[PDB]
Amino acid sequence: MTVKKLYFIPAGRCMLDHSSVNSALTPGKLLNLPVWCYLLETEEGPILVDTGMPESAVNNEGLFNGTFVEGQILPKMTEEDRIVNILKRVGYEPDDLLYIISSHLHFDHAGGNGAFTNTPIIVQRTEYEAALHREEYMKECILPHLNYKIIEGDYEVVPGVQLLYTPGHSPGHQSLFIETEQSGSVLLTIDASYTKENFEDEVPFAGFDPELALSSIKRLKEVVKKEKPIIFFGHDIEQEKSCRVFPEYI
């Protein structure tokens, strides 16, 4: 069985210093990077991958003023980018969803998790445990009473939807390998590589453990050598130019 439709859904944006996509660059220039969620229409029901930024980021570029990351992260989020609004426009309410998949619990990926109080939220144990104590993590991304479906390592969500454990960018980061009806094998690196250059050329980028992130890239390259998928990266301004986005699908 294959996934019926894979949708790339813009979920607002976020400014990061350009050293975030290339650690060798000298800090001083911000990049307006895309924030994504993905919607998978499957035989078993719709599945949402990531949930955008938290309510606190709405019309609040200075969210991280007063913190250890002041001026280094500026969310670009409007009321329209709240995940429930995104879903409502697409044609879903939170309780319609079969699963939420959290690639990781960074604020640009799990900020909307609180909206889903019934749907199982699939997240790596190592990411969940990290989010409990590491300072990067926002409280909005680790709410205690959500219906977490905690997994460890690789995992098949439904036929055609595979999670690949790719730690490094964050302690329990996971990527997706999807088989779609229209396109066949698709690799969503999520933040296992922000840009094509991080993947192909192994250019270092923002992450908790760069060494581990490299090994996760090498692991993904082995998958690619075997499966020859089309590959989409996490925060790639260049690639975004040519991405088929909602209402188009792959």
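Each residue number is its position in the shown sequence, starting from 1.
So which stretch wins on mean C-alpha B-factor, 108 to 116 or 174 to 182?
-> Of 174 to 182 and 108 to 116, the stretch with the higher C-alpha B-factor average is 174 to 182.
Greater mean Cα temperature factor according to the PDB record, 149 to 157 or 88 to 96 | Per the deposited B-factors, the answer is 88 to 96.
Candidate residues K139, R134, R82, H169, the one whose C-alpha B factor the record puts highest = Highest C-alpha B-factor among the listed options: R134.
Of the residues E200, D191, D50, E41, the one carrying the largest Cα B-factor as recorded | Result of the comparison over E200, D191, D50, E41: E200.
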